[PDB]
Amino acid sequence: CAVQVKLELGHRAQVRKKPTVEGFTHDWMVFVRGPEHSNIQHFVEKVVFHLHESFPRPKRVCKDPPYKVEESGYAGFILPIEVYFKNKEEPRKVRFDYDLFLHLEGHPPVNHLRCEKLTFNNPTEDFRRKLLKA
């Protein structure tokens, strides 16, 4: 009995009115969530955001919702996101490579969204029950 669930990944980015002391020009926030009123905490163990190496503590871990990271910076980068599942079976996690892009000053703030389909073929009963609760 295969089960399909939905994950939304996205981010916002806005030019700061005043650069930070480091000269960072943008504030941004990247997130993983369920669509509409879906609570993905039923089947998500943790979300790991792998920031660019220039960031302090580049491995950011959210064990509880909201699964998000808020930061400031000066350039966009590819941000690997690992979503770990509440199971003890294959797969333990899934990985997405998120394009954390920023727009130049003058352009409207970034507000970006993509939606990811996860289909689990033959999950264990306990994991199937969690997936179906989201």
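Take the two forms, find the largest set of C-alpha atoms that superpose within 1.5 Å, and that set is the rigid core. From 1 onward, residues are counted along the sequence shown.
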**Request:** Give, as the answer, the stretch of 54-62 and 34-42 that departs more from the shown form in 6 other deposited structures of this protein; the measure is RMS Cα distance after a core fit.
**Result:** 34-42
**Request:** Read off the CA B-factors in the entry, average them over 93-101 and over 30-38, and name the higher stretch.
**Result:** 30-38
**Fill in**
The stretch whose C-alpha atoms carry the larger average B-factor in the entry, 18-26 or 5-13, is 18-26
**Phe85, C-alpha B-factor rank within chain (lowest, middle or highest third)** = lowest
**Request:** Select lowest, middle or highest to describe the third in which the CA B-factor of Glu70 falls within its chain in this entry.
**Result:** middle
**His112 by Cα B-factor - lowest, middle or highest third of the modelled chain** = lowest
**Chain-relative CA temperature factor third for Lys59** = highest
